[PDB]
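See structure below.
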Amino acid sequence: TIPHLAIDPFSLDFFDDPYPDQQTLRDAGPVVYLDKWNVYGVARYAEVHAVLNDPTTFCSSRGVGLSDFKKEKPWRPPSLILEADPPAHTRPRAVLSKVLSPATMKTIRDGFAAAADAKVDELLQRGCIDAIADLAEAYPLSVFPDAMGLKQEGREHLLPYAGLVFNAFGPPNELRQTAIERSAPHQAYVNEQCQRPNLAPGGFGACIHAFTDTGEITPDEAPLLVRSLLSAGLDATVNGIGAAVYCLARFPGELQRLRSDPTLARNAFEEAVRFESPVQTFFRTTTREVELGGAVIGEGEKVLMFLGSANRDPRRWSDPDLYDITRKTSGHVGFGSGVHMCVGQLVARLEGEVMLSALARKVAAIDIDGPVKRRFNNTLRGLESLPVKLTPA
Ligand code: HEM
Ligand SMILES: COc1ccc(C(=O)O)cc1
Ligand SMILES: [Cl-]
């Protein structure tokens with residue numbers, strides 16, 4: 001009843017162009033079995049959304065990568081938020097929600113926007129730049145570590161650590177093995193910065209520690225919650241912003257609409273998140289036998305959710321393969337859905353909005369003008385190099 005497919009959704013050939021295989025995955029049925037890794041897969045919007053919103057059966061506490069924490073040792077101590085279920089999830093979630101709250105965004109908006117404006121003006125003086133290293137990486141690097149309250153020394157470990165975290169959700173392929181082997185210096189750096197004395201008063205890290213006073217988290221929980229922000233908080237936005245610039249570069253008509261109304265910046269970013277889905281996949285593990293899409297899945301089985309595929313499913317989206325900055329994006333699963341829906345989404349959207357706003361106001365054209373190189377990661381979709389010429393407005 002369930003179709004078996006040999007597609008390896010973690011192969012380099014798949015990463016290079018996932019779209020035909022994602023259609024095959026959707027069209028084979030609502031639920032598939034992936035023989036390469038012995039996991040179930042869901043690739044249509046309806047089932048991906050349903051699984052995300054069914055945490056009592058499709059749990060996160062046994063890991064959201066391929067590895068089942070009941071069977072294997074986690075490569076690092078479990079995330080108190082990503083890799084926890086309610087009720088254990090609830091209070092640490094509330095702390096991060098408050099630390100990255102709407103009220104908090106007020107305190108960082110002027111600086112984040114100023115930094116985006118300045119970066120775009122700087123890039124316009126150069127003309128011919130790499131939209132990854134010089135923009136998608138450089139901009140979040142210029143604002144997020146500071147907002148975290150990180151010291152200067154050691155920041156070169158941030159992106160490598162994140163790449164490791166995202167590769168480690170994958171199967172034990174070469175990407176994962178290479179990421180984990182020797183990773184100790186990256187881990188040592190991040191773990192050290194999670195300790196209270198290393199975090200600047202006022203920053204996100206210190207604010208997490210401040211919540212230990214309230215009874216919501218204990219002092220020994222705080223470093224792991226800071227670790228969560230240092231895991232997801234930089235690399236995901238790098239790939240979100242890179243996705244947005246790549247979209248604007250490929251769809252000049254949409255760059256022109258954005259220029260004509262810069263207030264579309266926020267939705268232009270949200271649409272980039274749907275269109276590229278920088279975070280491609282997460283797993284769940286069944287806590288019990290469960291029927292899904294007419295398919296009976298046993299207990300303790302890994303289920304792979306294709307978020308990127310769900311975000312391009314023609315059953316749900318009109319012209320899913322088009323970048324449309326005025327699309328009604330609500331309901332997309334690029335930030336997840338339900339109890340684990342991205343707790344850093346206000347920070348992500350703030351960064352994306354203010355960068356797209358700066359481009360909207362200052363740039364007339366974005367032309368790809370050199371070889372484009374893809375970056376391969378078991379979880380992240382994005383580019384390694386995106387040479388572009390920026391034409392000033
Ligand atoms: C465009 C950028 C981003 C994307 C596409 C993204 C994507 C996601 C997704 C899909 C999830 C759901 C995980 C699941 O259901 O298992 C998630 C959760 C999470 N994200 Fe984001 N993220 C982004 C930016 C950020 C930022 C900026 C931060 C922190 C500053 C962050 C921190 C987190 C954390 C801590 C969770 C776990 C929440 C929970 O388990 O309750 N992310 N993110
Ligand atoms: C969305 O990707 C991540 C990655 C790591 C974590 C974490 O370490 O808690 C959360 C979200
Ligand atoms: Cl770590």
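Going by the structure tokens order, chains are called A, B, ..., each with residues numbered from 1, while ligands are numbered from 1 in the order shown.
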
Which chains and residue numbers are within 8 Å of ligand 2, counting only C-alpha atoms and all ligand atoms, if I want them as an mmCIF file with N, CA and C atoms, in the first residue's frame?
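Just written: out22.cif:
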data_model
loop_
_atom_site.group_PDB
_atom_site.id
_atom_site.type_symbol
_atom_site.label_atom_id
_atom_site.label_comp_id
_atom_site.auth_asym_id
_atom_site.auth_seq_id
_atom_site.Cartn_x
_atom_site.Cartn_y
_atom_site.Cartn_z
ATOM 1 N N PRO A 78 20.892 16.894 24.183
ATOM 2 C CA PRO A 78 19.673 17.329 23.488
ATOM 3 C C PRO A 78 19.308 18.798 23.715
ATOM 4 N N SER A 79 18.866 19.457 22.644
ATOM 5 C CA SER A 79 18.244 20.768 22.780
ATOM 6 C C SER A 79 17.045 20.679 23.724
ATOM 7 N N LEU A 80 16.958 21.624 24.656
ATOM 8 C CA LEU A 80 15.853 21.662 25.618
ATOM 9 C C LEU A 80 14.573 22.162 24.973
ATOM 10 N N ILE A 81 14.671 22.604 23.728
ATOM 11 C CA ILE A 81 13.496 23.122 23.054
ATOM 12 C C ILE A 81 13.182 22.345 21.765
ATOM 13 N N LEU A 82 14.137 22.266 20.840
ATOM 14 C CA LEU A 82 13.914 21.573 19.564
ATOM 15 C C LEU A 82 13.669 20.081 19.764
ATOM 16 N N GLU A 83 14.372 19.503 20.734
ATOM 17 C CA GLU A 83 14.382 18.063 20.942
ATOM 18 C C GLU A 83 13.675 17.693 22.246
ATOM 19 N N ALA A 162 27.268 25.997 13.211
ATOM 20 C CA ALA A 162 25.923 25.871 12.655
ATOM 21 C C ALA A 162 25.839 24.872 11.499
ATOM 22 N N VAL A 165 25.698 21.542 13.051
ATOM 23 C CA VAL A 165 24.396 21.232 13.636
ATOM 24 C C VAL A 165 23.409 20.793 12.566
ATOM 25 N N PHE A 166 23.377 21.536 11.466
ATOM 26 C CA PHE A 166 22.433 21.226 10.408
ATOM 27 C C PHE A 166 22.798 19.976 9.608
ATOM 28 N N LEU A 224 22.149 25.770 27.653
ATOM 29 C CA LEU A 224 21.596 25.043 26.510
ATOM 30 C C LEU A 224 20.632 25.876 25.667
ATOM 31 N N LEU A 225 19.921 26.802 26.301
ATOM 32 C CA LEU A 225 19.001 27.668 25.564
ATOM 33 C C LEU A 225 19.769 28.733 24.768
ATOM 34 N N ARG A 227 22.674 28.066 23.650
ATOM 35 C CA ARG A 227 23.197 27.195 22.607
ATOM 36 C C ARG A 227 22.229 27.064 21.439
ATOM 37 N N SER A 228 20.935 26.974 21.742
ATOM 38 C CA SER A 228 19.904 26.940 20.706
ATOM 39 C C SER A 228 19.982 28.156 19.782
ATOM 40 N N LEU A 229 20.150 29.349 20.354
ATOM 41 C CA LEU A 229 20.219 30.551 19.535
ATOM 42 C C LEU A 229 21.502 30.574 18.708
ATOM 43 N N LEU A 230 22.582 30.040 19.267
ATOM 44 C CA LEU A 230 23.854 29.981 18.558
ATOM 45 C C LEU A 230 23.902 28.856 17.530
ATOM 46 N N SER A 231 22.902 27.974 17.551
ATOM 47 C CA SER A 231 22.797 26.889 16.578
ATOM 48 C C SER A 231 22.007 27.338 15.358
ATOM 49 N N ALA A 232 20.831 27.914 15.605
ATOM 50 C CA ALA A 232 19.888 28.237 14.548
ATOM 51 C C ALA A 232 19.955 29.688 14.130
ATOM 52 N N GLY A 233 20.393 30.549 15.039
ATOM 53 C CA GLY A 233 20.164 31.976 14.897
ATOM 54 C C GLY A 233 20.956 32.727 13.847
ATOM 55 N N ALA A 236 20.541 29.942 9.547
ATOM 56 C CA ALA A 236 19.232 29.893 8.909
ATOM 57 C C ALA A 236 18.909 31.229 8.236
ATOM 58 N N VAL A 279 15.476 25.910 5.419
ATOM 59 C CA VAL A 279 15.450 24.702 6.224
ATOM 60 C C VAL A 279 14.525 23.721 5.527
ATOM 61 N N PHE A 335 8.977 28.001 8.393
ATOM 62 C CA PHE A 335 9.333 28.196 9.800
ATOM 63 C C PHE A 335 8.712 27.107 10.679
ATOM 64 N N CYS A 342 9.088 28.169 14.532
ATOM 65 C CA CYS A 342 10.301 28.949 14.800
ATOM 66 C C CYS A 342 10.126 30.049 15.843
#

Shell around residue A:155 at 9 Å using only C-alpha atoms, local window under 6 positions removed, as a PyMOL selection string | chain A and resi 141+145+189

Write out as a VMD selection string each polymer residue whose atoms come within 10 Å of residue A:183, counting only C-alpha atoms; drop sequence neighbours fewer than 4 positions from it.
-> chain A and resid 160 to 161 164 178 to 179 187 to 188

Kindly compile the residues surrounding ligand 1 within 8 Å, counting only C-alpha atoms and all ligand atoms, and format them as a tab-separated table (two decimals) with N, CA, C and O atoms, in the first residue's frame.
chain	number	residue	atom	x	y	z
A	52	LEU	N	3.27	18.01	11.65
A	52	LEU	CA	3.81	19.09	12.48
A	52	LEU	C	2.87	19.44	13.62
A	52	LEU	O	3.31	19.76	14.72
A	60	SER	N	9.24	14.93	19.10
A	60	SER	CA	10.53	15.54	18.82
A	60	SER	C	11.60	15.09	19.79
A	60	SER	O	12.79	15.30	19.55
A	64	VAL	N	15.09	15.16	16.03
A	64	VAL	CA	14.44	15.61	14.79
A	64	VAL	C	15.36	15.42	13.59
A	64	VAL	O	15.09	15.93	12.49
A	81	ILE	N	14.67	22.60	23.73
A	81	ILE	CA	13.50	23.12	23.05
A	81	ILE	C	13.18	22.35	21.77
A	81	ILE	O	12.10	21.77	21.64
A	82	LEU	N	14.14	22.27	20.84
A	82	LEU	CA	13.91	21.57	19.56
A	82	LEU	C	13.67	20.08	19.76
A	82	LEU	O	12.85	19.47	19.07
A	83	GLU	N	14.37	19.50	20.73
A	83	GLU	CA	14.38	18.06	20.94
A	83	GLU	C	13.68	17.69	22.25
A	83	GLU	O	14.06	16.76	22.95
A	84	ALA	N	12.61	18.44	22.54
A	84	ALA	CA	11.76	18.18	23.71
A	84	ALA	C	10.29	18.23	23.30
A	84	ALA	O	9.93	18.91	22.34
A	89	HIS	N	8.94	20.90	27.05
A	89	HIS	CA	9.20	21.93	26.05
A	89	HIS	C	8.71	23.31	26.49
A	89	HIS	O	9.33	24.33	26.19
A	93	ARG	N	10.55	27.06	26.04
A	93	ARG	CA	9.96	27.76	24.90
A	93	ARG	C	9.49	29.16	25.28
A	93	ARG	O	9.74	30.12	24.54
A	96	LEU	N	12.44	31.60	25.58
A	96	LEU	CA	12.94	32.08	24.29
A	96	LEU	C	11.93	32.99	23.60
A	96	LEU	O	12.30	33.96	22.94
A	100	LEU	N	13.00	36.77	22.65
A	100	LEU	CA	12.93	37.18	21.25
A	100	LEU	C	11.54	37.72	20.93
A	100	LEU	O	11.01	37.51	19.84
A	225	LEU	N	19.92	26.80	26.30
A	225	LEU	CA	19.00	27.67	25.56
A	225	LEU	C	19.77	28.73	24.77
A	225	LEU	O	19.40	29.05	23.64
A	228	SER	N	20.93	26.97	21.74
A	228	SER	CA	19.90	26.94	20.71
A	228	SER	C	19.98	28.16	19.78
A	228	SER	O	19.90	28.01	18.56
A	229	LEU	N	20.15	29.35	20.35
A	229	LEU	CA	20.22	30.55	19.54
A	229	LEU	C	21.50	30.57	18.71
A	229	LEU	O	21.52	31.07	17.58
A	230	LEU	N	22.58	30.04	19.27
A	230	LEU	CA	23.85	29.98	18.56
A	230	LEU	C	23.90	28.86	17.53
A	230	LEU	O	24.84	28.78	16.73
A	231	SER	N	22.90	27.97	17.55
A	231	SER	CA	22.80	26.89	16.58
A	231	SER	C	22.01	27.34	15.36
A	231	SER	O	22.46	27.19	14.22
A	232	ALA	N	20.83	27.91	15.60
A	232	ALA	CA	19.89	28.24	14.55
A	232	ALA	C	19.96	29.69	14.13
A	232	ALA	O	19.58	30.03	13.01
A	233	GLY	N	20.39	30.55	15.04
A	233	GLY	CA	20.16	31.98	14.90
A	233	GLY	C	20.96	32.73	13.85
A	233	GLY	O	20.59	33.85	13.49
A	234	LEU	N	22.03	32.13	13.34
A	234	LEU	CA	22.84	32.78	12.31
A	234	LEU	C	22.65	32.13	10.93
A	234	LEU	O	22.26	32.80	9.98
A	235	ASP	N	22.91	30.83	10.84
A	235	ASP	CA	22.97	30.14	9.55
A	235	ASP	C	21.63	30.10	8.81
A	235	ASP	O	21.58	30.22	7.58
A	236	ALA	N	20.54	29.94	9.55
A	236	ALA	CA	19.23	29.89	8.91
A	236	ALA	C	18.91	31.23	8.24
A	236	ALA	O	18.47	31.26	7.09
A	237	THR	N	19.17	32.33	8.93
A	237	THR	CA	18.99	33.66	8.33
A	237	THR	C	19.96	33.93	7.18
A	237	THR	O	19.58	34.59	6.22
A	238	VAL	N	21.19	33.42	7.26
A	238	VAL	CA	22.13	33.55	6.14
A	238	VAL	C	21.49	32.97	4.90
A	238	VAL	O	21.48	33.59	3.83
A	239	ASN	N	20.94	31.77	5.04
A	239	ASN	CA	20.30	31.12	3.90
A	239	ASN	C	18.96	31.71	3.52
A	239	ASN	O	18.56	31.65	2.37
A	240	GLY	N	18.26	32.30	4.48
A	240	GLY	CA	17.03	33.00	4.14
A	240	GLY	C	17.29	34.26	3.33
A	240	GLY	O	16.65	34.51	2.30
A	241	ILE	N	18.25	35.06	3.77
A	241	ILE	CA	18.61	36.29	3.08
A	241	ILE	C	19.23	35.98	1.72
A	241	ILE	O	18.94	36.65	0.72
A	273	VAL	N	11.32	32.65	1.83
A	273	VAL	CA	11.36	31.51	2.73
A	273	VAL	C	10.49	30.35	2.22
A	273	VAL	O	10.93	29.20	2.24
A	277	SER	N	12.76	27.61	0.93
A	277	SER	CA	12.75	26.82	2.16
A	277	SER	C	14.15	26.46	2.64
A	277	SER	O	14.58	25.31	2.55
A	278	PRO	N	14.89	27.46	3.15
A	278	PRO	CA	16.27	27.31	3.60
A	278	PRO	C	16.45	26.12	4.54
A	278	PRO	O	17.46	25.43	4.48
A	279	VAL	N	15.48	25.91	5.42
A	279	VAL	CA	15.45	24.70	6.22
A	279	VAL	C	14.52	23.72	5.53
A	279	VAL	O	13.30	23.87	5.54
A	280	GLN	N	15.13	22.72	4.89
A	280	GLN	CA	14.42	21.85	3.97
A	280	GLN	C	13.57	20.76	4.62
A	280	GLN	O	12.51	20.40	4.10
A	281	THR	N	14.06	20.23	5.73
A	281	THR	CA	13.55	18.99	6.27
A	281	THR	C	13.73	18.94	7.78
A	281	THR	O	14.68	19.49	8.33
A	282	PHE	N	12.81	18.24	8.43
A	282	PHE	CA	13.01	17.78	9.80
A	282	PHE	C	12.32	16.43	9.93
A	282	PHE	O	11.42	16.10	9.15
A	283	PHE	N	12.76	15.65	10.91
A	283	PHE	CA	12.13	14.38	11.20
A	283	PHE	C	11.24	14.50	12.44
A	283	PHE	O	11.38	15.41	13.27
A	284	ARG	N	10.34	13.53	12.56
A	284	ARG	CA	9.69	13.21	13.82
A	284	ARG	C	9.81	11.70	14.06
A	284	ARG	O	10.20	10.96	13.16
A	307	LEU	N	9.69	19.98	4.10
A	307	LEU	CA	9.09	21.31	4.25
A	307	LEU	C	9.13	22.07	2.93
A	307	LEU	O	8.15	22.74	2.57
A	333	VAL	N	5.19	26.37	5.57
A	333	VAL	CA	5.86	25.66	6.66
A	333	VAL	C	7.38	25.86	6.71
A	333	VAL	O	8.11	25.06	7.32
A	334	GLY	N	7.86	26.92	6.07
A	334	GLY	CA	9.28	27.24	6.10
A	334	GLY	C	9.84	27.54	7.49
A	334	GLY	O	11.04	27.36	7.72
A	335	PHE	N	8.98	28.00	8.39
A	335	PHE	CA	9.33	28.20	9.80
A	335	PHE	C	8.71	27.11	10.68
A	335	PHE	O	8.68	27.24	11.90
A	336	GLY	N	8.19	26.05	10.07
A	336	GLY	CA	7.50	25.02	10.83
A	336	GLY	C	6.04	25.40	11.08
A	336	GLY	O	5.49	26.27	10.41
A	337	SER	N	5.42	24.75	12.05
A	337	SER	CA	4.01	24.95	12.34
A	337	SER	C	3.68	24.26	13.64
A	337	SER	O	4.16	23.15	13.89
A	338	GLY	N	2.86	24.89	14.47
A	338	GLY	CA	2.46	24.29	15.73
A	338	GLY	C	3.40	24.63	16.88
A	338	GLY	O	3.98	25.72	16.94
A	339	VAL	N	3.56	23.68	17.80
A	339	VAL	CA	4.23	23.99	19.06
A	339	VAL	C	5.70	24.35	18.92
A	339	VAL	O	6.25	25.08	19.74
A	340	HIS	N	6.35	23.84	17.87
A	340	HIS	CA	7.77	24.11	17.66
A	340	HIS	C	8.03	25.17	16.60
A	340	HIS	O	9.17	25.38	16.21
A	341	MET	N	6.98	25.83	16.11
A	341	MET	CA	7.14	26.82	15.06
A	341	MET	C	8.19	27.84	15.47
A	341	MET	O	8.16	28.32	16.61
A	342	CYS	N	9.09	28.17	14.53
A	342	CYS	CA	10.30	28.95	14.80
A	342	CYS	C	10.13	30.05	15.84
A	342	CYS	O	9.44	31.04	15.60
A	343	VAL	N	10.77	29.88	16.99
A	343	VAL	CA	10.70	30.86	18.06
A	343	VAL	C	11.55	32.10	17.74
A	343	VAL	O	11.35	33.16	18.33
A	344	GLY	N	12.47	31.97	16.79
A	344	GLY	CA	13.27	33.10	16.36
A	344	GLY	C	12.72	33.84	15.14
A	344	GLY	O	13.39	34.70	14.56
A	345	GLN	N	11.47	33.55	14.77
A	345	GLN	CA	10.92	34.10	13.53
A	345	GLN	C	10.86	35.63	13.47
A	345	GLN	O	10.97	36.19	12.39
A	346	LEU	N	10.70	36.29	14.61
A	346	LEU	CA	10.69	37.75	14.58
A	346	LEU	C	12.08	38.30	14.27
A	346	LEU	O	12.22	39.32	13.58
A	347	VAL	N	13.11	37.64	14.77
A	347	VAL	CA	14.47	38.06	14.46
A	347	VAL	C	14.76	37.80	12.98
A	347	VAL	O	15.32	38.67	12.29
A	348	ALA	N	14.37	36.63	12.48
A	348	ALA	CA	14.58	36.28	11.07
A	348	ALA	C	13.91	37.28	10.15
A	348	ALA	O	14.52	37.79	9.20
A	349	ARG	N	12.64	37.55	10.43
A	349	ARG	CA	11.88	38.46	9.59
A	349	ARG	C	12.39	39.89	9.69
A	349	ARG	O	12.35	40.63	8.70
A	352	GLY	N	15.51	39.99	7.49
A	352	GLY	CA	15.13	39.88	6.10
A	352	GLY	C	14.42	41.12	5.61
A	352	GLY	O	14.72	41.63	4.53

With only C-alpha atoms and all ligand atoms counted and 6 Å as the cut-off, give the residues of chain A in contact with ligand 3, each with its shortest interatomic distance in Å and the pair that gives it, as a tab-separated table.
residue	atom	partner	partner_atom_place_in_ligand_line	distance
A:76	CA	ligand 3	1 (Cl)	5.9
A:187	CA	ligand 3	1 (Cl)	4.2
A:190	CA	ligand 3	1 (Cl)	5.9
A:191	CA	ligand 3	1 (Cl)	5.4

Excluding residue A:38 and any residue of its chain fewer than 4 positions from it, enumerate the residues within 10 Å of it, using only C-alpha atoms, and give them as a PyMOL selection string.
-> chain A and resi 4+33-34+66+301-303
